[PDB]
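We name chains A, B, ... by the order of the sequence lines, and we start the count at 1 in each one.
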Amino acid sequence: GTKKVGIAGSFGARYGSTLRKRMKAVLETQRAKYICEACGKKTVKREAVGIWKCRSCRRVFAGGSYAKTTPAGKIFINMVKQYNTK
Amino acid sequence: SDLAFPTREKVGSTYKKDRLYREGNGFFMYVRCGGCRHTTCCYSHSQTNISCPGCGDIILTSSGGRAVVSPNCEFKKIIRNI
Amino acid sequence: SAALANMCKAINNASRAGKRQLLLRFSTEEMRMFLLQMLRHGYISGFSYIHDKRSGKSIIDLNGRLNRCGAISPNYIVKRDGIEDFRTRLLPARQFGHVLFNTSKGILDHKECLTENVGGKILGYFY
Amino acid sequence: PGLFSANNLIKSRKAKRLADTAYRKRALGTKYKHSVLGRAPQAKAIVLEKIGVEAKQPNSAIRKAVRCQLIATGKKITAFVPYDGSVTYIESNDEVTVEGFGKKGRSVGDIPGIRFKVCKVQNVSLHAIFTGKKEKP
Amino acid sequence: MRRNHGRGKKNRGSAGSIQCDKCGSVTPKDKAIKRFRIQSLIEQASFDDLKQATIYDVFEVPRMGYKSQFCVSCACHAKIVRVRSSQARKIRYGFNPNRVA
Amino acid sequence: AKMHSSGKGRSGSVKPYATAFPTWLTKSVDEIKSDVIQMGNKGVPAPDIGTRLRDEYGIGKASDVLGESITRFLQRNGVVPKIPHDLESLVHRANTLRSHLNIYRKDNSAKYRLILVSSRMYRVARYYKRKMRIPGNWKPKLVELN
RNA sequence: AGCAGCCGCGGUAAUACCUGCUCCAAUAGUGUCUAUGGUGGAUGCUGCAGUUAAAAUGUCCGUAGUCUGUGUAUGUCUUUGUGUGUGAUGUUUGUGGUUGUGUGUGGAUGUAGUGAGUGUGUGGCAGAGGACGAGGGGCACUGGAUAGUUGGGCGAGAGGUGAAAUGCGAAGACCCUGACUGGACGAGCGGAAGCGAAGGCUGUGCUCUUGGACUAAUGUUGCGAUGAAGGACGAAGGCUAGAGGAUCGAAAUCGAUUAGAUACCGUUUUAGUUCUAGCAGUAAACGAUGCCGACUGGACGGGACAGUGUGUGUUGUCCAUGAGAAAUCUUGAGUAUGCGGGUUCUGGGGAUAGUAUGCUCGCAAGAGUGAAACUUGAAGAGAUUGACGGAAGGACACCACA
Ligand SMILES: [Zn+2]
Ligand SMILES: [Zn+2]
Ligand SMILES: [Zn+2]
């Protein structure tokens, strides 16, 4: 494989090394596969920015640009969920 | 005054593993519950809670040391036959 | 032979304090062969050992006559021609003291090993 | 130190020995690398200049020395001319035999920086010219 | 010099720090010099004039307690603590919480 | 003189010298054997069987009634667990730490415990392979860290 | 001018230089330069040192190896030294020569140790019982003080300093009052008290995890000690991304002080100080004090558990014996130069210098490993008596005050 460069190895030696590390971080979470919550199978992928879809059972939900959830979405999804229990 | 013949007061205040001849601290006992006359065999430092079958009760409970026999009960140390 | 060296330090401690008896909480087989060679030479009064299904116990009776005892680790191998160099290193004078070896005839001191034409492994000394 | 442990002891005691400086020059084979005369006990040289050096205080003096050229290796050195009024037998373009001082390669006394000593002057002993046994060259 | 090594700390690594009451420097809490005092709220050379001014028939003047905390430089300079000789350095003074009144 | 700490405690039991056979037994000797062999079928571990014999039957040393130790008696009656109780308690402790670390990552205290608990389990496995009680290629079945 | 291996001598009063006498040691010999054995228990197998003199590694885990658990001695024969140990022998004596006997490394074949796993369960580990702990991660709440915003009152200064200046105040400061917002912190109780491998850890209630001790007729049966190579954790400052911003504050800046202060003291104002995710890998990371095992006097305490007039594990202070160069040490810095319990690491006069160079790791800042040429007679530890302090006390005096 490659020691330090990973999925950013398609860029050769262009653009500078700080900018190729920003590409590598966001590209791993964007092209990964996630487990569905309705059917429980590992078949969720991204369609466009903010649209994630399951290839089996076809269900669509809304998330982040490059990751399925965002750090400020998790914070407020809990508050609504603690407020109902208490 | 030799070390091979210690007084029996000293043999009581010695650690269980420093005694001259191998000897521990536990023993088996008899217990009688209440009005009804049953008799069970128990251990002096039991780790289980026991209960009399007749007049269903709890006649022995465990602690950190010696097991605590109930208020209206009495024990007796078993002796073997010969 | 870790029990032989532990025993010799506890004996040096009591012989210096003026004790009469010594109780140790361990006892092995060759620790009792070393003690039986001090009794027949006059350096202790007697001893006795107990059986408890633990490491054992032993009680030594001191005399007033011992100057020192020791053990040598490791147990070097000495031919019958090298017996006499270990004697000049360990005993203060030429008239008393005993160096003990573990030979193919038992445990003997350095005078017997010369009258039987043998060598062995060194164990200790006392004077 | 068990009875079957002699390879652990040779490995351990050889490494401690290198902390001795005298032993370390011999073991690594670098005892004659930085030395102006190598393995000789004496050496010849031709005299370039004739200088005077101050003593190191608390001594007041001026010790007479010469700057030479080693015929065997072409290195420059300074040497000290011992006795009284003896620096005036030598001239320039004279040949001279020098040897050590006797203290392992350090300077001796109040003479700073000089590690050698003139011994002969054109094949005549310098100590014999001073006592009157031989005649100047 | 001392077997304390200068502070009352045993068998722990770190022990918390405080800021001195006079200069404000950072010090361990076990090394600082600490003093406790109970002062009357009104001065003693003013009690007579206060007994004619009071309107209540029975009055008790209040008292407050204060704990102080200084560093070695600030206590030595202010003479809260003085230099002692080699043997007198070992004398400790206490409080005895079991005193009767 | 503990293995992974500097503890030096001496607590513990001391069995008698030269015991005998119990007279105060209420049941039979053949009715007791068929119960020690029953609890071994329900999966009760052998240190816990000896605690029922002592507390409820009056048997202080089962080598005087069964004729041998507890885990050699169960062997002749065809009850041989797949792994001994010593080794399998240690696999189980190392799985409950591995699944706590999957939710709470910053527990550096439990991450240090997982190292010591688990090197103690590879030492006990190496002993049972020298002695031919488990295969030479046995591997522990472990939750997978993330 | 010269001498002097080293210590040292010589400035018109040289036992030390130059010259003359006299004497000393060895003697056909006696001095110098260079290499090397001893000297050196200053390389330490026998046989050193490591609290402060040079030196125990920041902390645990762990493979090879060593040790523990379950390779020997000796008779007879044989094969090899020119050297040497030790007798005899008047080359006129002698170094010698001649001449008797012993010895050096491996192998073969007997004898002795030598008999073998058993049984038991002493170290460890695993499980039980009731207690104890500021051990750790997460969640939910809470307490006041600093700062600020905004309603009401008052009417000239407030702040801070050795003393002041810059700077803030009649668009109402400071002080007293009703409401709010925000970050950080967790006082007093709080100690020669507890817990954690160490770094470290003090509001309350829940939850998931954790440790050592104690108590016992539970299971197993030696499964262990130390540990180059390898691995994880690791104060504060720093660095990379996001969030946040009360207080304090490097750098910068003015005002003082001063001979001058780019400083101590102060005003304006920042990075940083906090949280999440990581990198880095250092400290007077200190008790400047490897780990495991055996044995050893008193007095007064604390903390946990169990018992009943005591025990086990830990721990603070003070006295002997003993030890030490001393200061001092008391579960050790004790157990004899009377020197050997198992197993590691580090030091070998000072300075050059933790510097060059090579290599491994890091975004960097740097960390780890680590010399020589050249220089030099001391550098250092602990204690003694003096002299001094812009050191502290107690006495005193109209050449001190009242
Ligand atoms: Zn689906
Ligand atoms: Zn009943
Ligand atoms: Zn202060």
Side-chain angles (χ1 to χ4, degrees), chain B residues 12-15 24-26 43 45 47 62-66, chain C residues 2 5-6 9-10 12-13 16-17 53-55 67-68 70-74 77 79-80 89 92 103-105 117-121, chain D residues 1-2 4-5 8-9 13 16-17 19-20 34 40-42 61 83-85 99-100 102-103 106 108-109 119, chain E residues 4-5 8-11 13-14 16 29-30 67 82-83, chain F residues 1-3 5 7-16 19 45-51 54 60-61 70-71 84-86 89-90 97 100 103-104 106-113 115-116 119-120 123-124 126-127:
Chain B
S13 69
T14 307
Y15 188 47
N25 280 326
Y43 192 60
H45 301 249
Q47 280 157 26
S62 57
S63 67
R66 296 182 46 126
Chain C
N6 285 343
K9 288 175 189 185
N12 282 327
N13 272 330
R16 201 176 162 159
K53 303 201 297 189
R54 308 181 65 95
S55 54
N67 287 311
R68 185 162 187 91
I72 308 285
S73 315
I77 286 168
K79 269 174 186 32
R80 190 186 58 75
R89 275 190 280 166
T103 78
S104 54
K105 297 180 178 179
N117 206 20
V118 287
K121 298 168 189 213
Chain D
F4 285 94
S5 81
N8 286 326
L9 274 161
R13 299 320 198 241
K16 294 159 93 55
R17 212 191 161 175
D20 176 23
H34 317 280
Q42 306 100 21
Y83 301 99
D84 197 326
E99 90 287 11
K103 199 166 67 153
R106 281 164 83 159
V108 313
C119 181
Chain E
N4 266 1
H5 308 298
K9 184 201 100 166
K10 294 292 170 177
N11 285 303
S14 86
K29 178 191 191 169
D30 61 307
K67 207 194 173 196
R82 280 193 213 67
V83 166
Chain F
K2 296 325 193 272
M3 191 203 264
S5 77
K8 265 148 100 177
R10 301 169 79 199
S11 288
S13 311
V14 174
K15 281 191 164 101
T19 53
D48 288 351
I49 294 177
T51 304
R54 166 176 47 79
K61 155 160 289 172
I70 292 194
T71 76
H85 188 244
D86 184 9
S89 304
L90 280 155
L97 272 163
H100 171 268
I103 314 170
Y104 309 106
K106 310 294 293 171
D107 213 320
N108 269 330
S109 198
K111 179 204 172 130
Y112 174 80
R113 277 274 98 62
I115 290 157
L116 312 193
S119 82
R120 215 185 298 150
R123 272 165 90 152
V124 160
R126 166 183 327 142
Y127 165 72

Tell me if [M] and its neighbour [N] stack, counting it only when ring centres are under 5.5 Å and the plane angle is under 30°.
N: G:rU352; M: G:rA353; result: yes
N: G:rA170; M: G:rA171; result: no
N: G:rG348; M: G:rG349; result: no

Tell me the interatomic distance from [X], atom [atom1], to [N], atom [atom2], rounded to whole angstroms.
X: C:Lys53; N: G:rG123; atom1: NZ; atom2: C1'; answer: 18 Å
X: D:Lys103; N: G:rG5; atom1: NZ; atom2: P; answer: 10 Å
X: F:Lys111; N: G:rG138; atom1: NZ; atom2: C1'; answer: 18 Å
X: F:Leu90; N: G:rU220; atom1: CG; atom2: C1'; answer: 13 Å

With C1'-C2'-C3'-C4' as the criterion (positive north, negative south), name the sugar pucker of [N].
N: G:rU82; value: south
N: G:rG332; value: south
N: G:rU177; value: north

Sugar-phosphate, base or nothing in reach of [X], heavy atoms under 4.0 Å:
X: F:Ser13; value: base
X: C:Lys121; value: nothing
X: C:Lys105; value: nothing
X: C:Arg89; value: base
X: D:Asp84; value: sugar-phosphate

Does [X] make a side-chain donor-acceptor contact with the base of [N], cut-off 3.5 Å?
X: D:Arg17; N: G:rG44; answer: no
X: C:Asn6; N: G:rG341; answer: no
X: F:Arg10; N: G:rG311; answer: no
X: F:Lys15; N: G:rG121; answer: no

So if I take every side-chain heavy atom of [X] and compare against [options], which nucleotide ends up nearest?
X: D:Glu99; options: G:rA225, G:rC45, G:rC33; value: G:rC33
X: F:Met3; options: G:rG224, G:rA1, G:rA192; value: G:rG224
X: F:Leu116; options: G:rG347, G:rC61, G:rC295; value: G:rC61
X: E:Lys29; options: G:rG188, G:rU344, G:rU215; value: G:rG188
X: C:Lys9; options: G:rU74, G:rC67, G:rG293; value: G:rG293

Using the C1' atom on both, measure G:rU346 against G:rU369 and round to a whole Å.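 About 16 Å, rounded to a whole number of Å.
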Encode nucleotides 195-202 of chain G as B, S and - characters from 5' to 3', where the letter depends on protein heavy atoms closer than 4.0 Å: B to the base, S only to sugar-phosphate, - to neither. B-B-SBB-
